[PDB]
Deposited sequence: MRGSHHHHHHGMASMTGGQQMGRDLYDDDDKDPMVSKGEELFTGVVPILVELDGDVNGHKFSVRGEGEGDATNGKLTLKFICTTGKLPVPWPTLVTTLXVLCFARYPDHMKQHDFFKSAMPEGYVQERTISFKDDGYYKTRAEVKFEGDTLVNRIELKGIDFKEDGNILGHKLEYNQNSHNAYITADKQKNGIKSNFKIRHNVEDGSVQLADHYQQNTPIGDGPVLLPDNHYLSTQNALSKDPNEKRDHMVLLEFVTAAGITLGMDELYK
């Protein structure tokens, strides 16, 4: 079973290649996951210098296999069942009254490390907007994302809204549409309807003057 690969603490690498309205950028990230506690600890750097979008808008793009599924729901953990082959995760994130991201990522094992390699394409962002205008508070609220299965594709799908805080007190909706597909041909467990609960703490490393985001995350499954 793929779960046994998440017994202890396993290392994580995240490589994102992005292009937003013609502004290209890379982001590298490193840390560790502890599935039995549903915990993520990670440092992220913009290796290409300054980041043309706010850090919160990438949190969802930058490894659901590290969610804690309670014992009474362990038969519904698709993300771990697809390991070590992995899965494809694709998204369109539609920021309300602004542009959108399209992302494609594969999440697999490369040796001992769980890795997330992402291509991201942003287009149609406004000039005076929250995104390119960098008007988002540097934090991330807690969200629930309702997971459901797609029988035809042999994976899961998910539709949820993220709510970013904008500096003047209003809220920037970011509509997520998600599909997940297994890479390998081994069997995978497909779940009954349930949600993932997510909590986030965004912060800065004081010995790091590069563009960066220290991220602490707790993801637990509930709903059955």
> Where does the model skip over parts of the deposited sequence?
Replying inline: 1-36, 99, 262-270
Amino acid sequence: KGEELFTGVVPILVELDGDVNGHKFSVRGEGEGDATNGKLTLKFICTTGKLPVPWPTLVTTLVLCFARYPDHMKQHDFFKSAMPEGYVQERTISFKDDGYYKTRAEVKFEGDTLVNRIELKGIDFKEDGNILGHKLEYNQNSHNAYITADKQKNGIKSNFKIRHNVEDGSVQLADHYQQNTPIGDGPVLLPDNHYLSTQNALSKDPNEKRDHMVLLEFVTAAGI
From here on, numbers count along this sequence of modelled residues.
> Mean C-alpha B-factor higher for 4-12, or for 214-222?
Replying inline: 4-12
> Averaging C-alpha B-factors over each stretch, which comes out higher, 150-158 or 130-138?
Replying inline: 150-158
> For the listed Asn116, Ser94, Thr103, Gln75, which has the peak Cα B-factor recorded in the PDB entry?
Replying inline: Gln75
>> Comparing recorded Cα B-factors across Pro56, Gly31, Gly38, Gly184, which one is largest?
In response: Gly184
> According to the PDB entry, is the CA B factor of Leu173 in the bottom, middle or top third of its chain, that is, lowest, middle or highest?
Replying inline: lowest
> Taking the entry's C-alpha B-factors for this chain, is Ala145 in the lowest, middle or highest third?
Replying inline: middle
> Where does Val27 sit by CA temperature factor within its chain: lowest, middle or highest third?
Replying inline: middle
>> Test of reading the entry: by CA B factor among the chain's modelled residues, which third contains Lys108?
In response: highest
> Compared with the other modelled residues in the chain, in which third is the CA B-factor of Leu42?
Replying inline: lowest
